[PDB]
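Below: one structure, written as structure tokens.
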Amino acid sequence: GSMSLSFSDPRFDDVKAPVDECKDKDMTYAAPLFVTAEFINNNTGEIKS
Amino acid sequence: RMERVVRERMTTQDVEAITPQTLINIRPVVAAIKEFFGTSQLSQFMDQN
Amino acid sequence: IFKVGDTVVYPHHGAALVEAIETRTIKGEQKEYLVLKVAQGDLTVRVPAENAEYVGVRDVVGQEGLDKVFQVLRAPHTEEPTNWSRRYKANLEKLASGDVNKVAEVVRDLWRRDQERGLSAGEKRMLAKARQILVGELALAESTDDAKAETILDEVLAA
Amino acid sequence: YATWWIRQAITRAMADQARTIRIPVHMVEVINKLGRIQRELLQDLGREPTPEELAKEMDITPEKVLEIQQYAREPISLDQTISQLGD
RNA sequence: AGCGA
């Protein structure tokens, strides 16, 4: 219980390639996920975001 | 699954030296999504005749 | 200790820029947090000023430090336990400590070893990581351009 | 001393009796090193590295890396569900 | 895994 981890703010970027190009070149039509992580240490006290 | 790995190494890793970059593992998350979309009897093949 | 705009040093993440002295309260206590960002990890860290010295926030790398780790890098009369298992664990702990003198000792000992013999993949990675962190540390201690820092480091290794 | 002897014997027997095909110890070790390097680079970078990347990281040739990938292959099971592949 | 009789 001396340290903890948390998540917030799911966020996307634009897709890396368009629909027809993904269909042609056999790529999976996707986009990245970005999540703001946050580690905290209870005893000393910090945030690592 | 990610969480079990995270909490596992959350003790073994030395304190004052680690960060969510060193803590989080995205391999099982991406694997879970991929194993859902491929080879699941709900991720059905598009039936477009 | 450090006002705004200071290029304040912080382990293990090298130098960093203070952005503001945050007044983020907790349990009704307005701790004077300072937001502090590095360029490599692109992460922001908020630290209370009370225990900044307890977390070990570093400062402008003391000029003596350069010649100190140079002496360690030139430090002769160095030998290690015969069993490389013990040698490996010992200098791995030395690297884990992060102290500039100890890491300099590690890199110079392994430079002597790998100029003599040709050691191992694990050791090559050990030397690589220690060398990277040190060429960075000296490059921002003297503020002298990581590549040129590497050149001067190679110059001093030969002595 | 007991600990070290035990671990040596366990690792040796595991290697000799790991797969239906036998893969001697030194090649097992390089396979394990390649796997560890690839896994840690996946953790750090986030992407699966390239054969040339692993060749430069392990101070070996890309063709050697390809051969280690090849010998790393584990047999599939004739028994499965789809029915059995043996059909 | 999906489908026709």
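Going by the structure tokens order, chains are called A, B, ..., each with residues numbered from 1, while ligands are numbered from 1 in the order shown.
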
Compile the contact shell of stretch 6-18 of chain A as a PDB file with C-alpha atoms, in the first residue's frame: residues with an atom at most 9 Å away, counting only C-alpha atoms (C1' of nucleotides), same-chain residues fewer than 4 positions apart removed.
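Generated file (around19.pdb):
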ATOM      1  CA  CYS A  22      -5.601  -0.939 -45.568  1.00  0.00           C
ATOM      2  CA  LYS A  23      -7.879  -3.268 -47.536  1.00  0.00           C
ATOM      3  CA  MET A  27      -3.255  -3.936 -43.056  1.00  0.00           C
ATOM      4  CA  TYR A  29      -7.553  -0.461 -40.175  1.00  0.00           C
ATOM      5  CA  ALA A  30      -6.612   0.885 -36.741  1.00  0.00           C
ATOM      6  CA  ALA A  31      -5.482   3.949 -34.798  1.00  0.00           C
ATOM      7  CA  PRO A  32      -3.212   4.290 -31.742  1.00  0.00           C
ATOM      8  CA  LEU A  33      -4.371   4.582 -28.139  1.00  0.00           C
ATOM      9  CA  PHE A  34      -2.750   7.062 -25.748  1.00  0.00           C
ATOM     10  CA  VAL A  35      -3.506   6.877 -22.016  1.00  0.00           C
ATOM     11  CA  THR A  36      -2.103   9.206 -19.367  1.00  0.00           C
ATOM     12  CA  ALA A  37      -0.614   6.906 -16.737  1.00  0.00           C
ATOM     13  CA  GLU A  38       0.266   8.149 -13.267  1.00  0.00           C
ATOM     14  CA  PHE A  39       2.435   6.375 -10.703  1.00  0.00           C
ATOM     15  CA  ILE A  40       2.344   7.686  -7.127  1.00  0.00           C
TER      16      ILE A  40
END

Could you list, as a compact mmCIF listing (two decimals) with N, CA and C atoms, in the first residue's frame, every residue of chain B that has an atom within 9 Å of an atom of chain A, counting only C-alpha atoms?
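Done, and the output landed in result24.txt:
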# COMPACT_ATOMS: atom_id res chain seq x y z
N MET B 10 5.60 -4.72 -9.49
CA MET B 10 5.49 -3.52 -8.69
C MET B 10 6.19 -3.67 -7.34
N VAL B 15 12.43 0.63 -5.84
CA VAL B 15 11.73 1.91 -5.72
C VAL B 15 12.69 3.05 -6.05
N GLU B 16 12.11 4.22 -6.32
CA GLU B 16 12.86 5.42 -6.69
C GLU B 16 13.62 5.25 -8.00
N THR B 19 8.99 3.70 -13.43
CA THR B 19 8.04 4.61 -14.06
C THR B 19 6.99 3.78 -14.78
N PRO B 20 5.82 4.35 -15.08
CA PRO B 20 4.82 3.57 -15.82
C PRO B 20 5.33 3.02 -17.14
N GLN B 21 6.31 3.67 -17.77
CA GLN B 21 6.91 3.09 -18.97
C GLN B 21 7.54 1.74 -18.65

Item to check | Straight-line distance linking atom CA of residue C:22 with atom CA of residue C:143, stated in Å to one decimal | outcome: 28.6 Å

Quick one: contact table of chain E to stretch 44-47 of chain B, 12 Å max, nearest atom pair and distance in Å to one decimal per residue, counting only C-alpha atoms (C1' of nucleotides), chain and number order, as a Markdown table?
| residue | atom | partner | partner_atom | distance |
| --- | --- | --- | --- | --- |
| E:1 | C1' | B:44 | CA | 8.0 |
| E:2 | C1' | B:45 | CA | 7.7 |
| E:3 | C1' | B:47 | CA | 10.4 |

Dump of N, CA and C atoms (P, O5', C5', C4', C3', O3' and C1' of nucleotides) for the selected residues, as a PDB file, in the first residue's frame:
ATOM      1  P     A E   1     -16.166 -23.804 -33.476  1.00  0.00           P
ATOM      2  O5'   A E   1     -16.204 -22.718 -34.642  1.00  0.00           O
ATOM      3  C5'   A E   1     -15.928 -21.351 -34.369  1.00  0.00           C
ATOM      4  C4'   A E   1     -16.062 -20.499 -35.606  1.00  0.00           C
ATOM      5  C3'   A E   1     -17.357 -20.648 -36.386  1.00  0.00           C
ATOM      6  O3'   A E   1     -18.433 -19.918 -35.826  1.00  0.00           O
ATOM      7  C1'   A E   1     -15.529 -20.712 -37.881  1.00  0.00           C
ATOM      8  P     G E   2     -19.948 -20.408 -36.054  1.00  0.00           P
ATOM      9  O5'   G E   2     -20.240 -20.070 -37.582  1.00  0.00           O
ATOM     10  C5'   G E   2     -20.264 -18.724 -38.035  1.00  0.00           C
ATOM     11  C4'   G E   2     -20.292 -18.637 -39.541  1.00  0.00           C
ATOM     12  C3'   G E   2     -21.460 -19.314 -40.240  1.00  0.00           C
ATOM     13  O3'   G E   2     -22.663 -18.567 -40.198  1.00  0.00           O
ATOM     14  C1'   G E   2     -19.459 -19.870 -41.352  1.00  0.00           C
ATOM     15  P     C E   3     -24.080 -19.329 -40.233  1.00  0.00           P
ATOM     16  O5'   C E   3     -24.131 -19.999 -41.679  1.00  0.00           O
ATOM     17  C5'   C E   3     -24.394 -19.215 -42.831  1.00  0.00           C
ATOM     18  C4'   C E   3     -24.204 -19.993 -44.111  1.00  0.00           C
ATOM     19  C3'   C E   3     -25.283 -21.005 -44.466  1.00  0.00           C
ATOM     20  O3'   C E   3     -26.441 -20.410 -45.025  1.00  0.00           O
ATOM     21  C1'   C E   3     -23.137 -21.938 -44.853  1.00  0.00           C
TER      22        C E   3
END

Item to check | Residues within 12 Å of residue D:82, only C-alpha atoms (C1' of nucleotides), excluding chain neighbours under 4 positions, as a list in words | outcome: residues 39 and 41 of chain B; 78, 86 and 87 of chain D; 1 and 2 of chain E

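Residues lying within 8 Å of stretch 24-35 of chain B, counting only C-alpha atoms (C1' of nucleotides) and ignoring same-chain neighbours fewer than 3 positions away, are residues 1, 2, 5, 6, 20, 21, 38, 39 and 40 of chain B; 43 of chain D.
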
Could you save the residues just selected, with N, CA, C and O atoms, as an mmCIF file, in the first residue's frame?
data_model
loop_
_atom_site.group_PDB
_atom_site.id
_atom_site.type_symbol
_atom_site.label_atom_id
_atom_site.label_comp_id
_atom_site.auth_asym_id
_atom_site.auth_seq_id
_atom_site.Cartn_x
_atom_site.Cartn_y
_atom_site.Cartn_z
ATOM 1 N N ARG B 1 -5.073 -9.119 -17.087
ATOM 2 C CA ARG B 1 -3.763 -9.754 -17.249
ATOM 3 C C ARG B 1 -2.630 -8.735 -17.096
ATOM 4 O O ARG B 1 -1.653 -8.974 -16.359
ATOM 5 N N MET B 2 -2.743 -7.603 -17.795
ATOM 6 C CA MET B 2 -1.763 -6.530 -17.652
ATOM 7 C C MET B 2 -1.584 -6.165 -16.187
ATOM 8 O O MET B 2 -0.459 -5.965 -15.719
ATOM 9 N N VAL B 5 0.459 -8.646 -14.121
ATOM 10 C CA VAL B 5 1.893 -8.466 -14.365
ATOM 11 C C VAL B 5 2.399 -7.204 -13.673
ATOM 12 O O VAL B 5 3.483 -7.193 -13.067
ATOM 13 N N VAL B 6 1.627 -6.117 -13.768
ATOM 14 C CA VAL B 6 2.064 -4.839 -13.220
ATOM 15 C C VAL B 6 2.262 -4.954 -11.719
ATOM 16 O O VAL B 6 3.324 -4.609 -11.196
ATOM 17 N N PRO B 20 5.821 4.347 -15.075
ATOM 18 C CA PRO B 20 4.817 3.573 -15.823
ATOM 19 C C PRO B 20 5.330 3.019 -17.139
ATOM 20 O O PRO B 20 4.837 1.980 -17.591
ATOM 21 N N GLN B 21 6.305 3.674 -17.774
ATOM 22 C CA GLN B 21 6.911 3.094 -18.967
ATOM 23 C C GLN B 21 7.536 1.742 -18.652
ATOM 24 O O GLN B 21 7.368 0.777 -19.407
ATOM 25 N N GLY B 38 -9.846 -11.679 -34.458
ATOM 26 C CA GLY B 38 -9.593 -12.890 -35.219
ATOM 27 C C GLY B 38 -9.901 -14.110 -34.370
ATOM 28 O O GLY B 38 -9.573 -14.156 -33.185
ATOM 29 N N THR B 39 -10.539 -15.103 -34.988
ATOM 30 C CA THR B 39 -10.821 -16.377 -34.332
ATOM 31 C C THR B 39 -11.726 -16.187 -33.114
ATOM 32 O O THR B 39 -11.385 -16.544 -31.985
ATOM 33 N N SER B 40 -12.898 -15.611 -33.363
ATOM 34 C CA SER B 40 -13.968 -15.590 -32.378
ATOM 35 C C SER B 40 -15.282 -15.710 -33.131
ATOM 36 O O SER B 40 -15.478 -15.049 -34.154
ATOM 37 N N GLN D 43 9.099 -4.325 -24.910
ATOM 38 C CA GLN D 43 8.665 -3.558 -23.746
ATOM 39 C C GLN D 43 9.076 -2.095 -23.865
ATOM 40 O O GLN D 43 8.278 -1.191 -23.588
#

Item to check | Expected answer as a VMD selection string: chain D residues within 12 Å of chain C, only C-alpha atoms | outcome: chain D and resid 4 29 to 30 33 to 34 36 to 37 44 55 to 60

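In this comparison, which uses only C-alpha atoms, the residue of D:32, D:50, D:45, D:61 approaching chain B most closely is D:45.
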
With a distance cut-off of 10 Å and only C-alpha atoms (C1' of nucleotides), select the neighbouring residues of residue C:109, excluding the residue or stretch itself and same-chain residues fewer than 3 positions from it, and output the selection as a PDB file with C-alpha atoms, in the first residue's frame.
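Resulting contents of around_24.pdb:
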ATOM      1  CA  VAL C  72      38.163   6.949 -11.703  1.00  0.00           C
ATOM      2  CA  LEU C  73      38.257   6.226 -15.448  1.00  0.00           C
ATOM      3  CA  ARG C  74      42.057   6.560 -15.306  1.00  0.00           C
ATOM      4  CA  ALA C  75      42.188   4.842 -11.890  1.00  0.00           C
ATOM      5  CA  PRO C  76      44.882   2.138 -12.178  1.00  0.00           C
ATOM      6  CA  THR C  78      42.044  -2.323 -10.351  1.00  0.00           C
ATOM      7  CA  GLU C  79      41.252  -6.031 -10.098  1.00  0.00           C
ATOM      8  CA  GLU C  80      38.048  -8.006  -9.649  1.00  0.00           C
ATOM      9  CA  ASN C  91      29.440  -4.174 -10.921  1.00  0.00           C
ATOM     10  CA  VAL C 103      29.648   3.916 -12.988  1.00  0.00           C
ATOM     11  CA  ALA C 104      32.886   5.485 -14.265  1.00  0.00           C
ATOM     12  CA  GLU C 105      34.775   2.705 -12.485  1.00  0.00           C
ATOM     13  CA  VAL C 106      32.499   0.165 -14.169  1.00  0.00           C
ATOM     14  CA  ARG C 112      40.177  -2.581 -20.033  1.00  0.00           C
ATOM     15  CA  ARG C 113      38.538  -6.013 -20.066  1.00  0.00           C
ATOM     16  CA  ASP C 114      37.148  -5.751 -23.608  1.00  0.00           C
ATOM     17  CA  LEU C 127      29.118  -1.610 -21.176  1.00  0.00           C
TER      18      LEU C 127
END

Item to check | Sel. of helix (DSSP H, G or I) residues, chain A, as a PyMOL selection string | outcome: chain A and resi 19-24

Checklist outcome for this item: atom CA of residue C:111 sits from atom CA of residue C:158 at a separation of 9.7 Å

Checklist entry - What are the residues of chain C that have an atom within 10 Å of an atom of chain A, counting only C-alpha atoms, as a PyMOL selection string? => result chain C and resi 33+35+42-48+51-52+54-55

Checklist entry - If we count only C-alpha atoms (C1' of nucleotides), what is near residue C:148 at a cut-off of 10 Å, once residues fewer than 6 positions away on the same chain are taken out, given as a PyMOL selection string? => result chain C and resi 135+139+154

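Taking atom CA of residue C:144 and atom CA of residue C:66 as endpoints, the distance between them is 12.3 Å.
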
Next on the checklist: Applying 10 Å and only C-alpha atoms (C1' of nucleotides), which residues near residue D:27 remain after dropping the ones on its own chain fewer than 6 positions away? List them as JSON, numbers by chain.
Outcome noted: {"D": [33, 68, 71, 72]}
